[PDB]
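As a convention, Cβ positions derive from the backbone with ideal geometry for all residues, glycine included, and neighbour counts pool all protein chains shown. Read-outs throughout are calculated quantities, based only on the coordinates presented, and are distinct from any laboratory measurement.
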Amino acid sequence: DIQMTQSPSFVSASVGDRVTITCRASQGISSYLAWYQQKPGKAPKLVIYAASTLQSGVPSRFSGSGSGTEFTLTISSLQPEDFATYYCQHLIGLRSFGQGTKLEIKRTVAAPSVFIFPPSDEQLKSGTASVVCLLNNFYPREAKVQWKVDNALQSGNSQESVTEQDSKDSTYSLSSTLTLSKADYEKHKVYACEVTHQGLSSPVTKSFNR
Amino acid sequence: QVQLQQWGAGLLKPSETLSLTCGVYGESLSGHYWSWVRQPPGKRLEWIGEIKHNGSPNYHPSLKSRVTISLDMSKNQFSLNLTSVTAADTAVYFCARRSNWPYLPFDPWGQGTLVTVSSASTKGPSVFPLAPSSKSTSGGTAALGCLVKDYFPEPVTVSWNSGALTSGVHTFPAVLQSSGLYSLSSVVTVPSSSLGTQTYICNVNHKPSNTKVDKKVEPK
Ligand SMILES: *[C@@H]1O[C@H](CO)[C@@H](O)[C@H](O)[C@H]1NC(C)=O
C-alpha cells in the first residue's frame with residue numbers, strides 16, 4: 001500500500017509570509033497527486049491537481065511542484081483566508097490522502113489568564129463534581145495543565161478542550177475539567193490547577209478550598 | 001454551476017445500516033464518476049469508493065463487503081450504503097464528483113453529513129453555573145460561564161443574554177466523555193465592576209431532546 005506523509009504536521013506563519021508544505025509518497029506515483037484546502041466544519045476545496053496544475057479560480061499565489069515521491073505546495077504570500085488544513089491525495093490506486101498539514105496564524109507570545117471554578121451545589125446533588133480550569137486568550141497553543149488535589153497530582157480524571165484560533169486576535173482558549181464523584185470531592189480540601197506556558201515567567205497556580 | 005446536496009439519517013445504532021444520498025444539481029451524472037469520502041473526527045480523509053456505471057463500482061478493499069454505491073439515474077442522484085455499522089464508522093461523510101483521466105481530482109464536493117454511531121440514548125443536558133468570584137478577578141476582569149453536561153447527541157447551542165452578550169465569549173468544542181455523553185463549557189470574561197449590577201444568563205438549547213434552559217449565573 002502506498003503511503004502519503006505530509007510535513008510539517010503543523011505550521012505557524014504570519015500573514016504576508018511564504019510557506020511551503022511537503023508531501024512524500026512511500027513509492028513513486030509520477031504526477032498523480034492533488035492538494036486540497038479544508039476549513040473546520042467544511043468540505044475540502046481543490047487547489048492543485050496533477051502535482052503542479054492550478055484548479056480554475058485558484059489565486060496565483062498558490063503553486064505546486066514535484067514528481068515521483070516528493071511534492072510541494074507553496075503559498076508565496078499568505079492572506080487570512082489561506083489559513084486552513086491542507087491535504088495531499090494520491091489520484092489513483094487506493095486514493096489515499098496524507099494526514100494533513102494545519103497552517104495556523106503566527107503572532108506574539110501571549111500569557112493565559114487562568115481561572116478556576118469549584119463545582120456548583122446543584123451539581124453536587126446529582127452525585128458528580130466537575131472542577132473547571134480556564135486558560136483564556138493565549139499564544140502559542142501549547143500549554144501544560146496539571147490538577148492537584150490536596151497537593152497530589154491527578155491522572156486520568158480530566159479532559160481538555162481547545163478553541164480554534166480566534167478570527168481576530170489569533171489566540172487560543174483552553175478548558176480543563178476535573179471530574180470526581182461527590183464522595184471523593186468531599187473528602188478533600190485543596191483544589192488547584194497549575195498552568196505552564198511559554199508566556200509565563202513561572203507556573204501559575206489557581207486554587208480554592210472546598 | 002453545480003451543487004451536490006446530501007441527505008440521509010446521521011444518528012445510528014450499532015449493526016444498523018448507514019444510508020446516504022447525494023443529489024446533483026446543475027449537471028447530469030453522465031460521463032463522470034461519483035464518489036464517497038469519509039472523515040473520522042480529527043482524522044484524515046478516506047476514499048470509500050466511486051461508480052460511473054451501475055454494476056461497475058470500485059471500492060476501498062477494506063470496506064467492499066459492507067459497502068454498496070449505486071446510481072439513481074432518472075433523478076441524477078447517487079447513494080451510499082454501509083451495513084453493520086460500529087462506532088468506528090463515526091465520521092463526516094462527503095459525496096464528490098470525479099472526472100475522467102487525465103483530470104482525476106475530487107471536484108465538486110457535497111457539504112458532508114455528520115454520522116454518529118452509538119448505543120447511547122438521547123439525553124438532554126444538565127446546565128450548571130460557573131460562578132464568578134473575587135478569586136477570579138484577573139486585574140479588573142472576571143470570568144464566568146455555564147457547564148453543559150451529559151447530553152446526546154450533538155449539538156447544543158449556547159448564547160448569552162439572548163444574544164446581547166457576544167464580546168469575550170468562548171464556547172468550547174464538545175468533548176466525548178467516557179460515559180458516551182457529550183459535555184461542553186461556555187465562558188465569558190466581563191468587567192468585575194459589572195458583577196453587582198449586570199445580569200448574566202446563558203441560554204442553552206438541545207433540539208434532539210427539545211431542551212431549553214436559561215440559567216442565571218450569579219457571583220459567590
Ligand atoms: C440501503 O440499505 C437499506 C437498509 O439496509 C435498504 O433498505 C435499501 O434498499 C438500500 N439501498 C438504498 C438505495 O437505500
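Okay, here's what the table says:
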{"item": "Rounded FRET efficiency, nearest 0.05, which uses the C-beta distance separating A:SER30 from A:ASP166 and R0 of 30 Å", "result": "0.10"}
{"item": "Using a Förster distance of 56 Å, the FRET efficiency for B:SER56-A:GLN79 (Cβ separation, nearest 0.05)", "result": "0.85"}
{"item": "Average beta carbon contacts from partner chains per residue of B:185-191, 10 Å cutoff", "result": "3"}
{"item": "Residue of A:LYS39, A:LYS106, A:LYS189 that the Gaussian network model of chain A assigns the largest fluctuation, springs spanning Cα pairs under 10 Å", "result": "A:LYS189"}
{"item": "Relative contact order, percent, the range A:1-106 [alpha-carbon distance under 8 Å, six or more residues apart]", "result": "38"}
{"item": "Length-normalised contact order for the range B:91-160 - Cα pairs under 8 Å, 6+ apart - percent", "result": "26"}
{"item": "GNM top mover of B:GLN111, B:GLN177, B:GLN39 - chain B, alpha-carbon springs below 10 Å", "result": "B:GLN177"}
{"item": "24 Å Cα cut-off, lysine pairs counted over chain A (separation 8 or more, or different chains)", "result": "26"}
{"item": "Distance (nanometres) between label positions extended 7 Å along Cα→Cβ at B:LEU114 and B:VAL2", "result": "2.8"}
{"item": "Relative contact order, percent, chain A [alpha-carbon distance under 8 Å, six or more residues apart]", "result": "18"}
{"item": "For the range A:1-146, diffusion coefficient by Stokes-Einstein and Kirkwood Rh (Cα), 4 °C, 1.567 mPa s, µm²/s", "result": "73"}
{"item": "q = 0.07 Å⁻¹, chain B: log10 I(q)/I(0) [Debye, one scatterer per Cα]", "result": "-0.34"}
{"item": "Cα-based Kirkwood hydrodynamic radius, the range B:120-217, one decimal, Å", "result": "13.9"}
{"item": "Percent of Cα-Cα distances greater than 17 Å, calculated over the range B:1-119", "result": "52"}
{"item": "The range A:107-210: proportion of alpha-carbon pairs further apart than 15 angstrom, %", "result": "61"}
{"item": "Simple spin-label estimate for A:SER67 and B:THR137 in nanometres, 7 Å along Cα-Cβ", "result": "7.0"}
{"item": "Residue mean of other protein chain beta carbons inside 10 Å, B:102-113", "result": "6"}
{"item": "Cα pair distances of the protein assembly as shown binned at 10 Å [whole percent]", "result": "4, 19, 25, 24, 18, 9, 2, 0"}
{"item": "Gaussian network model of chain B, Cα within-10 Å springs - most flexible of B:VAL115, B:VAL190, B:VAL92", "result": "B:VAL190"}
{"item": "Residue-count net charge about A:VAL145 - beta-carbon cut-off 12 Å; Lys, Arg +1, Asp, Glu -1", "result": "0"}
{"item": "Potential extension, B:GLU218-B:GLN177 segment - 0.36 nm per residue separation minus Cα distance", "result": "12.0 nm"}
{"item": "Exercise: per-residue mean of other protein chain Cβ atoms within 10 Å, A:76-84", "result": "0"}
{"item": "Summed residue charge, Cβ within 15 Å of B:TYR25's Cβ, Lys/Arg positive, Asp/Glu negative", "result": "0"}
{"item": "Net +/- balance of residues flanking B:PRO125 in space, Cβ distance below 12 Å, scoring K and R +1, D and E -1", "result": "+3"}
{"item": "Over chain A: helical MRE at 222 nm, DSSP H runs n ≥ 4 each giving -39500 (n - 2.57), nearest 500", "result": "-1000 deg cm²/dmol"}
{"item": "Projected label distance in nm at B:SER65 and B:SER193, using a 7 Å step from Cα toward the beta-carbon", "result": "7.1"}
